[PDB]
Every structure is written in structure tokens, then in C-alpha cells.
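Read the structure below first, then the notes.
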Amino acid sequence: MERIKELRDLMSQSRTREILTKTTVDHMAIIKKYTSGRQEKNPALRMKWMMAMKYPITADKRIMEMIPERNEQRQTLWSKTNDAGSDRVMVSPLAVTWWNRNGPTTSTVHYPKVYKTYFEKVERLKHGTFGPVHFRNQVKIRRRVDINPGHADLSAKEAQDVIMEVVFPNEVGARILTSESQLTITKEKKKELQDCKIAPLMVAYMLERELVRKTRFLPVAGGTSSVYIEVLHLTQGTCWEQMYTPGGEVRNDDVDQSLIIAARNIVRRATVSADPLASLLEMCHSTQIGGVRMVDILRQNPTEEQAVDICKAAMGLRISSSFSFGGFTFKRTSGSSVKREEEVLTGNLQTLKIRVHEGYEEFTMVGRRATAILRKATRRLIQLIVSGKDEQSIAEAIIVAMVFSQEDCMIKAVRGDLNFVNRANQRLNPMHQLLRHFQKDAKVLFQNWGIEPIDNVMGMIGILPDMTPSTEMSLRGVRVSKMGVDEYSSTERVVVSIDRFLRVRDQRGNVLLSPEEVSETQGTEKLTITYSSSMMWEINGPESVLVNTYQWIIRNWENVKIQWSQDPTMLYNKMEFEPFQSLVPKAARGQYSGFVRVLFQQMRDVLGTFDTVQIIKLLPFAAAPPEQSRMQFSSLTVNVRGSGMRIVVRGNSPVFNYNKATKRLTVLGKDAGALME
Amino acid sequence: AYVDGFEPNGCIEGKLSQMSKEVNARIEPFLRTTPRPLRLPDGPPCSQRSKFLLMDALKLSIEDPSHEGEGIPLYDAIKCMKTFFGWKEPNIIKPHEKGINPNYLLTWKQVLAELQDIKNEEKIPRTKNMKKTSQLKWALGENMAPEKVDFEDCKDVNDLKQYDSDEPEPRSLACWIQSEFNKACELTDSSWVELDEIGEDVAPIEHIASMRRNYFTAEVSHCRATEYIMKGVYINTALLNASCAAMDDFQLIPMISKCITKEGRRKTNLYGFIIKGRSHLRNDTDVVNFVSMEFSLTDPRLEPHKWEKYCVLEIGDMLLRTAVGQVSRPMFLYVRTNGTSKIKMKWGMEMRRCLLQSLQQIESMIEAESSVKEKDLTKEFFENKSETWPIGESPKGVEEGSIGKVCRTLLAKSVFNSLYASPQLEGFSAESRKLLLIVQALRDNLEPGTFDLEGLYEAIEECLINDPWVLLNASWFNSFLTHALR
Amino acid sequence: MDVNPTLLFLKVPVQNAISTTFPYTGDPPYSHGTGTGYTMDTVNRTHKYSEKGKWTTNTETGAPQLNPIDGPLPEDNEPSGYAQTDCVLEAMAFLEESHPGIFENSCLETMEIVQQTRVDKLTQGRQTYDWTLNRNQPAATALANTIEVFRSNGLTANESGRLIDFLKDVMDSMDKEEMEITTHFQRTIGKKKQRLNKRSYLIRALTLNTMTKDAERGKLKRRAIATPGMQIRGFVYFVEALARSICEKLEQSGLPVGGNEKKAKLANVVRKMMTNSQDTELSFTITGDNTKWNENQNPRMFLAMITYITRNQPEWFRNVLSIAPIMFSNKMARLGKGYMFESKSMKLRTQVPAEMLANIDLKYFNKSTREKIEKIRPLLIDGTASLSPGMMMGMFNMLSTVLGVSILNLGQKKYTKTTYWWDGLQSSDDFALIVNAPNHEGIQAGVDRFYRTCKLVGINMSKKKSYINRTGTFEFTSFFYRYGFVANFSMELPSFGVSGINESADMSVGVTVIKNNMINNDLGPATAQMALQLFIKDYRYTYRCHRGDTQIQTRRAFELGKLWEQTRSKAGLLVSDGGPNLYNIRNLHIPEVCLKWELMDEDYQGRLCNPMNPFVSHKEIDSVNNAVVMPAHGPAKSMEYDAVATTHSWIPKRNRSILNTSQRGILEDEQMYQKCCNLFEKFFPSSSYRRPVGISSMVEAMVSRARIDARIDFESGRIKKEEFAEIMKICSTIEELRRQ
Amino acid sequence: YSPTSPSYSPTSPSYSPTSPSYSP
RNA sequence: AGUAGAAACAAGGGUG
RNA sequence: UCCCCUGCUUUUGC
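Residue numbers (my numbering), protein chains in the order written: chain A, -8 to 668; chain B, 2 to 487; chain C, 998 to 1737; chain D, 540 to 563.
Structure, rendered in C-alpha cells:
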């Protein structure tokens, strides 16, 4: 009723009648912004200058009949003069305060619902729990993180469509929502927003803020999650870390990913430890995932992964069923086998013993990118049906299947130089070594496997040695069908024993898992994984590793010096020096260690020949077993980003440079603290 | 068509071969004997140009249990005036060379008369308007703007010419600015700032922050630079509010500051008076003139060049009680005309942020040291004063101060940057940053090299003209160069 | 003891105490009078750096033009504008080779964008020149005036609303033999029709309004800037879109990246150049700067670059993309406001417009100004100076960045064909370079090669302010890298304070700024708390909203005291209402209203968050919870803050000086528009959220919607028959009045 | 915490010329 | 006078 | 001379 009366009065005038009837709806966007008011050039100065005026604010003409002209103190609240370029009136700040104490009260129940994001923030903050503050060097990496604890995986267009459907249903247009998520969200917002007096534009803006995924480049040092980035100002600092877990029932998937990453890191770090099991337990009892101790998560988290399974076995919990190999889980549907050690000659003319499984067995293999079925006999695979996603996934699946087959054709197919002993004479599983070298290149392997035509049963496609889907010919006993998932999930938890070197053997004695199986994918934690330990900052860069180890040597120089003077052996085997050793070249590792020790020995036998800086620089090298040699090392190399940086035994070096005048040590351009005479 | 059928055929290499060999970027090695001291300008000594006295200021104080901005400024000024007995008939000691000193004398007399008039009224208004006398008309630049006419109506005037747009006259560096900085870097016996409240600490990091903040607030509240900050903020706020509110009459604005003495007793101090002129400010750079009269105990005859723009009167004698006994000293009044713009006033009301600057540089300094020790060192930083940084110069050699002294020095530097803002300072800082970086690279023996060092030196020097603050900064840079390469 | 803060650098490295060298607590230098002198000096410099070119007389505008392209090769290190077409084409070709398909994909994206861009996209400008009034106006106003004039001149090609249609209309108008304009004179409001011949309108459409830049930090002398008219903005928009599409795919380009990602790119480049190279390979870094960036860039060279980029593309696309350089080549610059003359003896002052400088006696001016006027007189046409060379306005920031990136890419070992090579980052006129070579001689050779190539393409390295050092530290656009990017807090000091939007927006922006500087600029916890305290104090003083407990006397003190005594939960009051400050480090990210939503009285909560209050007004969505903040360095940015729409979200008053000019009439017109637009909101609720589209007039859609809504409402049974009949009768009345 | 300075001299700065005591 | 610095303010317009 | 109007609006780009 009011709208049509206003339109009548508007058409009463002539200039307005001309404006309405000669401007297209498209051109509105131009005339609606038509204004003589220039964009503010100094808003701060303008605000300071205007706040001293009597009427610096603008208000709707309705105010004229909503609040009194003058205060009880005869203080004028609003003025009759109209604001330039509009019908709004000019009012004093007092009016606002008047409204805040004498204005008409209205119910406010939709506000928590409409402004859901802000109240989610406050509710999350109030339920959070704080922990100790750790004063330590913080390494922040600039990365693109998503700042939106709540978003429904919608882009601008989809978010706009949903917002239009909920707020402005009659103006939605031709669009029709199809996917279930949009329908559910629209129904929820419609029921929740029913009978809301807030301006529709504010509701639409808040819905857009809530349903759109935003991102930003920030320097982050801890967990990169929506709820953790939101509180980055409070958790991460230049030289301190504040433990904090938001009160928001951290997602199961997020904790699973964080635990997987932490497990990979801890197993990788423990593999180099002198006593891998002891270090594993100690650092599992001193690590937290998202403000929760790792051991508690292990005893309460039902997750499947090689590293987390190794950690569970070390703790003494239940282990997952099936058998993990080459990154795929094999479940024995039927059959039986017995392990036999057989001596065979490899294609590179190497004699080696391999454990073969006798009899005929049937397995279903599940992988993150492929699912398949393998029926095999002793050293002879009967058939394999693969359902890999992409060509590379199918390649890995077929290679792993035929590698598990234990065929001698595979063994003789080896070519080139292959080493089954690690670079530090650590015996490697022949099976895994074959897997790795065949993943490196399988053209020769395929060319030496054989050929077999297929009968075209049920539309199963063949595979060629050059990895193409042949229909009339296929590799011997291989079919491709591309099913969805395996027969059924395996959840028959079993108990196993863990060897001193983190080797997991079955009750009978069959090896189930080994350190060599851990994936090397170096991801980034979703939740803030706190590796609270003496020196466990390996996730940082190698330069960070070197700087932190030298800083630690400087910090604890008193006890370090007394230990070195009295019992150097206990100092050498410290858990703290191992990360430094991870960068020293393996082949020369011992060649350095013993060499360094020899110098120390001489420096112990000659009083007065105590060069503090020399000990500071050479201590991290002597953590490895001493291999005696007469070579005189002028400098020792460390691998940083694959580049060999030299540290000179005598004299200054760029990696390690100590200035006497400032009495300060700088390493790779980073201050390591101040030294004392 | 030519572009579409274009293929790269050794064009760049051929053109480079054709080009003369004189078009090259020869790298000049920057050694320890390469840099030279900056050439400071020569001329008459520079004169004080701040909007109020800094080290020569004197204040009349009264114990008042009121917080900042609570009492009526005029009543506080009247009470502070009452607290002093020993007035005298004003007489001119050091006159303003280019001004009409009798007008300044009459201005002071009129201020006293108006104070008495309001005193015998028994009702103190928030603002007091001063009569538009001839002396105030002259001192506030009344009707000094030339009439505005169309060009055609005055194109024949013989002397009609373009405005004066010559380079500012140069001035040499005077030793009073270093004394000003030294005084501004000192510790005071009374607190000068009372910060507001914040939410209760709930997190351990918040507790550490609160402890460090208590330490920093203790260190900063007892700095003279904080007094300058508060005085400038109050003066600029009052000036801007009066200019916007009453822009047609001469308003009397007392200069007041609230402090807390080491015994915990609150005090209100009056430094002087300010009379603003007509303030029909339109452009951000439009100037409003005012007359400032400030009390002091400094005899202008010791450093006349510092007080070129000032007229100094003898307004009384004060019996100061010292430790040994009482001594009588003359009480001078410095009266001058100054001007300020909207932008300058606005940037004068935000002097408090200066604190942040110094504090930030201090905090990062502590944390960098705490990161390598795994413990908060703030208490160890400035409760034992174990760590000192080179922050001064003495005849024996470089002088080192505690982190508290460094914080106070940085606060004073920021305050003086705020109080002596000018394009010269901006240009000098921007240009000398490059020379500082080159010197730092030389100190890190990173084989620094320059393509045209003399050009950089010329660019740096062209910004030193007549500002005492930038000249002092250049002298400091020369000292640093002397000490940074030996 | 003589305190000397500079001596602090003897212990603390300069990069770690760089904030001490930024005097940003004081007011920045400002321009007081006219910018005519700066503009004239800039024109003289632009024509001096390329004086050895070809002089021609434009046949359309009849103004002299200087063409230094393919001019003589430089013989000295002074700035040059002689860019070689073949060299630039070779650089573009090699860039295409290094990143195959970059130009093709960028062009495809630009073609997609061009056909979908609306004319209203040009309303998002800032103070564009307006030829109809011959003065600076807001973008929307200038566009509306241009559209109105074109419609009045029988040019209705933009009715479709597409930007390309508007460009076609602009071309047709430039083809017109005569133009008609409306001018307002007051002597009383009077309207006059002014006829402009072809040359006059052509000069106006190529005219650029010049002013002086103020609030610039780090410069002793002021400089001039230029703003173009509405005619060329449309073409420049598409050119910028294409350049941005190209730059997004270039790793060495520092744009449109901004802030942390730029530092990440710089760190990545530094590590790639340092760690990968062996210890035998020497590496150095140049933190150089380019001098006279906008004076030595020629629109002809950008035309050549655009022509090469758009190869094998539809003709219309090439034309629309290449027209902007053509317009920039034949550009005229307005000479500011003029000058002021003063007579001491007669005590008089007067304003001489710049338009009269062509034939004014030179006895008035001083030596320097007289020299400038004498040197610029030949170029003055219709009161504007012809300026063919240079890019004074610098609207082609991204094309210049592309050229610099191509020059950088020319440093690959395969292109240098020698031991030395180089790589780095280029953002607009700034660049960080890194040269790797076996020895110092190789480093010098690489630096010389880069410098000579840059000179050849038209880029001059300012030897005066550049330096080279071992690639361990450097600087780039105030980002200081010392084995890692050390944060400097001074740059953001001006941002700390009361922004001046309103109480709620100012509080939100202050807390957000504190939090963001904590995250990015390494602001310590204690310093953050003290900044919070100082901001609260400044906010209270600025808005006169001190706590009700205190007795500070202000005009607003009485109401605040009455409210404070009225409420019971005094902790829930907003700081705008004299409440306490509950903010701390932990809750810096929570808006104030939600931070204490549970501590507020029911009546106070209802009053404050009342949507019916008159103080709150909502414009288009893009302006919601979004403010414009100009940093110390760089252009104005858009900052998004978290806040709840309350009574503290008011809008300040507008300037009224326009009431005392001849342009007062537009103000009235403005009001009318708002009225109509407001009535549309009551009719189309979604109009402000999403821009409506339609060829129909306002009244037609209004009446259609009215009839349909009336019928639906009556069918629902929510309205009695009498109201439906009355609204239908009024709708018939409206329809009939629409015809007359 | 009470700030102190080694340069603070208890005798040289007599009667505090900036903020002296003059009450009779 | 003063502010200030390459050009300005030291009020600008209008009416009777 | 009173009175009325005005305090970023002939000048702030990208």
C-alpha cells in the first residue's frame, strides 16, 4: 500500500517522472551511485575534525518523530537541516546514546543465529584449554591457509545461488538447486531464519561469510587449520609457542592426518636412534597432537597406517589385521602357506636368500588408489585382477602383485647395479628393495615377464608391456576391470611382538611390518603437533637443524663441558646430536666422527690446548661410530638442500662463523647466541 | 603484418654490439676508506621551532585529586596562578627583532586582566573569549591576507609578481638540540601517563605479557619524552577542538598536564597560555595562528640565537627551595606567535603511538635474545642491567646503556620525529637508509658495491637545509660512520 | 653523555633495527598550492629525455608529437626514451618461448572476460577526469554525465549495458563532426548548450587532469600525478585485465601478488639462486631502483607488445586491446590550476588560470618558472600541453611489470650463452636482481649485460640509489631480507589509530589491526596489550565515550552517565556507550558486540541491536563491513572488518561547500535519483544484493511487479478486497501517468 | 619495579629547574 | 609578524 | 557595516 502511494507521489513531479521513464533498469547501477561526494581522503582527520561539530552524524528523517528534539538537560539531539545530497537529517552523537537508553526495545533472538560465525568464534574460544608456554626458536613458513572454520565448500556462484534461494526466493530466477547439500542447507537456513527483522542484505552478507571458503597467505609455524589459524596471534610468536586446543571437538579426519604425519616423523627419526624402541617410546610419551598427548590418541584412535601401527605395537596395543606391503594391504581370503628360505641368483649375478610362501593362496589388496585380487601359487602367480584408478596406479599394483608372486622370472630380470645393503651397511629387505628398483623402471621387467592372449570374459581389458589396454593380448595372468572397492573391510585385530629394531613379527614368527615401509611423504600437520623434546625440530629445515643444535650446545655449555671432560661417551650418544648426523654424508660419517674424537683425545692429553670454539664446532660430528683412519680432514661437509656446505676444522667458515669482537656465533647468517671465554 | 611475421633474429645482440661502451654499470667497490662524512650546511645557527618549550618549560603545580581531563581547565589555571606569589611588573628582556614587542607586553597584561575578570565572576565557563584588542589583532595576524581580486583588475600593477618560491634559507647546526635530546632522554621522578584497563589475563602467555607490560610501563612512564607526548597531545586536542567549535573569536587556552609524583600524590601543572586566532580552516594545510606564552626559568641571554622568534619578559621572581637552602631566581615568560594546520594538529593528537614504536623495537630485542636461551629475559634484561648497548658518546669513548636507557632513547627519538616533522626529515631518512644498509653490508664483509656513490651523497645532502632535528640526525650519522669503520 | 640512537647500530644489525629509521610518527609532507609547476617540469623532462626523436604534427589534434622509438642508441648513462622495437619484440618472443602458451591462454581468458564485462564496472573508480564539466568527478558521476551527453548526441549504442558497447559508442562519438554539451551558469540557475567542433572534443577526450601528490613519505620534493577521462578508462580496463592474466602465470612477476606471498616468492628465488649453486659459483644481489619509470615508457612500445601478444587472435579483440596504447600516445595534459600573483605594495592577490599561460607576459614569473613556460610554450594547444612520450599516469603498471619480467627472463643461461646468468623479481618499477657467475669479472659482466639490455628496451637503472652485495641480504619495496624477512613495524604505525568510519567500525578495525600486526609484523604480546590500551584511550577521546564512572566533562557526558546509572550489568556496555574494555590478546578476533553479548541487559541489548533504528543505512553489498584504508606506501586498499550492525554504525555528514558554487544543481539531481532508487528497493528487495539486468524502463518493471505481488497477496488471503482494489486503481493511475 | 639510571646524579641537578618547589 | 617551503595560508563567496 | 552560505569540492591517479 505504502509503496504504490510513494510511486504515485513520485510520478506527481515532472523531473522525477522523466527520470523514472527514461532510465533503464540496467542503467540503475550508474545513477544509483551518482553522487557529488568525493571519496574520503583523510578519514581519521575528517572524523577528528567533525566530532567537534554539533551535528556530525546523519540519520533517517524518521528520527524526527522517534526521539525528542531536546534532552532533559535542554540538549538538542537532532537538527532540521538536511544532509547534503539526500533527505537524511543531521544529528548529534548524543541522539545515538539517547536511543541506547530510551529507544524502543525489540526482541533479539535471531542475532545469534544470523551472526553465527562470530558467536561460533566466541563459543570456541570460551571452551578452549591452554597449556604451557614454550620459549624456543620459531620457524614460520609463509603459506596459503584457509581462514573459515565454517564453510560448506561453496564458491562465489554457488554461495550466491544458495543465499538468493534462502533470502530472496522470489528473485532467484531460472536456477534450480540439484545437489542434496544445497537443499539441506537452504531448508536449514529457511527454518532458522524464519521471521527475521534484520535487514536482508546483512543476512545475505553473513551467509556469504559463513558458506564461502576464504584463503590468505600467512606466516604459520604450527597446525594449518581453519580453527588454528583463527587464533594464530595467540598461539605462535617470534620466540614463544602457546599450547592451545580450541573447544570445537577437533575433526576426526584432522586428528587422523596429524597422527599419521607425527607417526611418520617419529618413526623416521627413531630409525636412526641407537635404540629405536627406547627413543620411540620416549618421544611418543613427550609429543602432543592438537593439545592431546600422543599416547592417549594411540590408545583411543582406530586408525590404519604403517607408522601408527608400528607405534601401537611398540606401546603394546592391538595391531591391524591383514599384511601391509609396498603400501598396499593384503587380506588373505583363503589358502595357506609356509615360509621357506631359498637361495637364488639375481639378474645382476647376485646370490641371495629369499623367503618364499608355499602353496596356493588368494588375497585381496586394498590401496589408496587401487584395489585388486591376486591368486597365486609357490613362485607362480595364477591370476591377478586389478582395478587401479589411473595408469600409474595400475602400474604400481601390477608390479607389486608380480613382485609378491616371487617369480624367478622377476629375479632374473634384474639389470644394472642394485644394492641390497644400505649406504651404512644396514641390511634391507630384498622384497622391498626389489619393489623400489622395479618402481624406478619396469620396462625391462615387463619385457622379461611374458605374453598371454585373453579370452575377453566379462569385458575385462588386457594390458601391454608398453602399458596400453590391449583387448586381444595381455600380460601373463593380468586383467583390468576397474571395480570400486574390495570385498570387505578387515578389522580382526591381532597381537604381535616388536623387535629391538622396530621389526613387527606375527605370533607364529612371520614379519608383518618393518621400518622400510614408512612413506616418505613430508606433509604439513593440520593440528598443532607439539614435538616437545630436548631437540626434535626435524620438521624444520636443515639450516634450522644446524642453528638449533649449535644454540643448544651454547645453552648447556656447562654440563656439556663437564661431560666432555669426564665422560665424553655419554655426551656423544646424546639424542640431541642425531638430527645433525642425519645431514652429514653417511659414507664419510664415521670417517669424520672418529677423526674428531682423535683431536679431542689429544686435546685431553695436552693441558692448556683448550680451544672452546673448536669443541663447539666439532662436537656434533662425533655422534657416529668411530671409524679409524689416518686421513687429515681440513673441512667436513654437511648436506643442506642437497648442497654440500663445508665447515673448516681450522679457521672461519660460512656455515659456522664466530666473531671474537662481538663474542657472538652466527651460523648460515643466523645468530646462535653469545659465547663466553 | 610486420609483427605477425616477426621472428627473433639476433636483434638484441646486434644492438648491444652497436651500442657504445660508455653505457655501462661499473661497480665501484665500497671499502672502509670510501665513505666520507656528510657535508652539513653553513649559515646562522638554527633556532627553536617547536610549538612549545621542552627543556626550558616551567610549570606551576597544585595537588588536585582529579584524573586526566576531569577538571575545568580555566579553574586549574587560576588555582595554579594563585599558588604563586611574587609577581612583578612585566618588562622586556630579550625582544623579538622583527616584531612589535610592546604588543606582546600588552598581550600578557590583557591575559592577566582577563584572568582576574573571570576570577571575580564566581562562575567558570568551559571556554573564555578574549577581547579583540589591537595587540591581539596584530599578534594573531588579523587582516593580513591580501585582498583577492580578478587578474584583469590588477594586471597593470607594477610590482604584481608570482609568489615567493625560493629555497629555504640555510642554517647551521646549534648545540642546543643535543642538549634538548639529552634532557628528553632522562628519567623523571613522577609518572606522566596512566593507561586504561584491559581484560583479565586468562592464558599463561597473557600473564607473561602483563608482567613484561608492567616492566615497560614503569620504564616509560618516568621519561621526560612521555611528558612531552602528553603536553603535545593535550595542546593539539584543545587547539583543534577550539578551532572547529569557535572559529571567529580569540579563545584563551591554558596549557595543563596531570601527573603523579613518586609519593603517589596527584598534581595538575600549568605551563602557560595559548590564544588562538581566527581558525576558518578549509584546506588541510590552512594555517591558524596563535600566541603562546610559557613560563620558564631559563635566561634567554645565554643562547639568544635559540630564541630568534621569541620575545622574553620578566614577570616575577621565585624563591626556589633547594637542599641546602632557598635561592631567588627570576621567572621569565617566553611569548611568541606560532601557527598550525589541521594536518599538523591531527598528527599532534596521535603522539602517543610514538611509545609503541620504541616499545616494539625493545620487545623484539628481548625476544631475539630469549629465543636462544629458552626463558623470558626481560626481568634479567633490566633488573640486573647485565646487557648494554652502545647508545651514547662521551669524551672517553662510546657509552653503553641498559635496555631501559635504550627504550627511553628510542621513545625520545620518536617524540622528536613527531615534534619536528618536515619534508627534510623524510627525505634525509629515506636517503640515509641506503647508506646505512651499505655500511651494514660492509660490516658483514659482503663485498658491497655502488654504481654512483657521489649521487647518493648529493641526494642525502640536499635534504639538510635548516631543520635543527635533521641536522642533528646528520651529525649522529657522521659520528656513527666514524665509529662504525674504525 | 651525548645520546646517539644511531650508535645502536654498532651492536644491533641495521636490518634488525630498521624501524628506528622510519620517522612515520610525524605528519607527512603536503602540497600547499598549485601543481602547475610540477606538471610543466614533468612535461619538460619527458620531452628532454627523448629529444633526439622524430617531431611530427598530429593531423587530427594538430599538436606536436615526439617519437623516440628506434631512435639513436644512448651514448651516456643519462635517462633515455629510445626503445628499440626489434629488441622489445625479441624479448616478448623469448618470454613466450620460456613459457609456451602463456600469451595464448592469457588472451583466451581476456576474450572471455571482455564479452561479459558490464559498463557499470567503470563505476568502481576514484576521481576520474570529466570532460563534460572539465573537472575531476567521482567515477560514477563522470560515467553518468558521459552517458547522458552521448544519449543527447544521438549515440545510444550503450543501451545494452556491455562495456564493449560503450567503447563502440566512444569511438562513434570521436567520429562525430560536432558535440553538444550542457553547462550550468548562475547569475539563479541557468542552463546553456555549448557546441564543440571535432578538434576541441577530440582534445578533450584525450585530455588528462594533473594534480600534485600529497602525503608521500620519503621524498623531499613533491611530484605530479595524472588522472584520465572516462573515454580511455574502458580500454585501459581490458588492457589491465590482459596484463594481469599474463602476470598471474609468471613466477618472476611481483603482481598482482601483495604482502606475504611477495616475500615468499623473494625467499624462494633467493634460495634457488644460492643453495643450488655450488660454492665455486659467486652470487651477488642488486637492490636497484628504476629512475623516471613513467617518463621513459612509450605508449608505442606497449602497442607493439600488445600486438605481439595478441597474435593469431580475432581482429576485434586485437583492435579493442590495442586502442588504449593508441589513445595514450596522443595524450594531452592539463596544466593544473595555474598560478597566484601577489602585490605587496598594493596588498593584493589574484589567481591566473593555467589556460592563460600560452600568451601571458613573462615579467611576472621568476627565473625558473619563466624558463619552464618558455620551454613548454610550443606544446600548448587549447590550454593543454601535448605529451606524446612517457606514461605520466602510469596506468599500465602491469604491462610495465611484464616488460621487466621479460628482461629478467632474458637472463637464463640459454639466453646469455655464457657462464654468468641472472634471475630475480620485478614489481612495477622496483626490482631485485641476483647474478651468478664463476668470478667477480663474470658478475660485473652480467650486471653490465643486464644494464645495457634494460637501457636498450627503455628501462634505466638508477645508479645513484642502487647497490650490489653478496646475496645474503637485500631490500625490496621496504621489505628487508637479512637471511630471512625481518619485519619492520614502523610502516604500519599510521594504521594504528581511530580510522574514522564510525564507532563500531573503528573499534573493529583497531582490534583487527593489532591482531594482524601481531601475526605479520612481529608485534610482541606486551606491546600488543599496550597498543590496545592506547587505542582504547584514543578512541574514547575521539568519540567522547569515556566510562560513565569518570567525571570527564563533554557534550555526551550527561547521556553516558544516565545510561551508566540505568544499566545493572555495567560490564556489558559497549565502549562506545562508556563500558569497560574487556579486550585482551586471547579475544582480539571476536567483535565487541559478540565479545560481551551475554553480559548485556535485555533492554540494552534490544535497544542497541534494533534493526528499526534510524542511524543504520546499508548500501550495496560490496560496501558492507568493508572500508577503504590508505597505507603509508602504495594505493588505497580495502580492509574487511568484523562488526555487528548496531546504532553505532552511523554515517558522518557530507561536505556542503558545493552549495556555494554553480554545480549546486547536481546535488538536487542526486537527491532525486536516490528517491527513485530507494523506491526500487521497496519494490525489488534483491536489487542491492545483485545488480538487476533489463532493457525495460523502471516504471514498466515496477508496475508489473506491483500487479503480480498484489494478486499473489490477495490470493493468499492476507489482504482484504478493498486494499487490493485500491492498489489496483493506483496501479492503473501510475500506468496512465507513465504515458504523459 | 623502580627505574634507575647510573647517570642520575643526586647532587648536581639542584632544585629541578623544570619542576621546582617554590611553595612558601 | 607568524606558519611554511619550489606555493600557499594569514578566511572565501552572496545579498541588502 | 549588519545579515545569509561555506571549512576536503576548480586540486588527490594507478
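Just so you know, even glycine gets a beta-carbon here, dropped at the ideal spot from N, CA and C.
Not a single C-beta of chain D is nearer than 8 Å to the C-beta of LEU412/B. Cα atoms of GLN64/A and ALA1640/C: separation of roughly 32 Å, rounded to the nearest angstrom. Closest by C-alpha distance to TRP90/A, out of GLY441/A, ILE58/A and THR97/A, is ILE58/A. Contact of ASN1001/C with chain B by beta-carbon distance below 8 Å involves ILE392, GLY393, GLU394, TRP477, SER480 and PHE481.
The beta carbon of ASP57/B sits closer than 6 Å to the beta carbons of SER297 and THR299 from its chain, once the five residues preceding and following it are set aside; these are given in chain order. Under the 10 Å beta carbon count, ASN1584/C is surrounded by 16 or more other beta carbons and is classified as buried. Unbroken alpha helix (DSSP H) runs of no fewer than 4 residues, entirely contained in the region 1523 to 1611 of chain C, are found at 1554 to 1563, 1589 to 1592 and 1599 to 1605, following chain order. Taking a contact as a CB-CB distance under 8 Å, the pair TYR1336/C and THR1039/C does not count as one, their CB atoms being some 16 Å apart.
Scanning the region 421 to 455 of chain B for uninterrupted alpha helix (DSSP H) segments of 4 residues or longer gives 424 to 444, listed from N- to C-terminal end. Each residue's CA atom was taken as its position, placing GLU187/B and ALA665/A some 30 Å apart. Contact annotation for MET1458/C against chain B: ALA26 and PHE452 [CB-CB distance below 9 Å, chain order]. Short of 8 Å from the beta carbon of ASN1257/C, and not among the five residues preceding or following it, lie these beta carbons of its own chain, in chain order: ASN1517. Shortest Cα-Cα distance from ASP1067/C to any of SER1487/C, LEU1252/C, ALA1301/C and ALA1014/C involves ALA1301/C.
For the pair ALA1528/C and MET346/B, the Cα-to-Cα distance works out to about 21 Å. For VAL16/A, there is no enclosing beta strand (DSSP E), as DSSP marks it with neither H nor E.
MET193/A counts as buried, since at least 16 other C-beta atoms from the protein chains shown sit within 10 angstroms of its C-beta. Fewer than three pairs of CB atoms, one per stretch, sit closer than 8 Å, so the region 625 to 636 of chain A makes no contact with the region 6 to 13 of chain B. Following the DSSP letters along the chain, one finds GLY15/B in no beta strand (DSSP E) but inside the alpha helix (DSSP H) bounded by residues 12 to 19. Between the region 534 to 547 of chain A and the region 652 to 664 of chain A there are three or more C-beta pairs closer than 8 Å, enough to call the two in contact. In the three-state DSSP reduction, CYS224/B falls in the strand class (E or B).
Below the 7 Å Cβ cutoff, chain C contributes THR1022 as neighbours of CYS355/B, in chain order.
Looking at the DSSP output, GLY326/A shares a beta bridge with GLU352/A. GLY1226/C sits in a strand when the DSSP states are folded into three classes. Close partners of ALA35/A in chain B (Cβ separation under 9 Å): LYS347 and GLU351. Counting only Cβ-Cβ distances below 8 Å, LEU1560/C has contacts in chain A at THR88, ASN91 and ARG92, in chain order. Around the C-beta of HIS118/A, fewer than 16 other C-beta atoms lie within 10 Å, and the residue is accordingly described as exposed.
The beta carbon of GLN327/B sits closer than 8 Å to those of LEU320 and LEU321, all from its chain and outside the five residues before and after it, given in chain order. In this structure, DSSP gives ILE251/A a helical state, which the three-state scheme calls helix.
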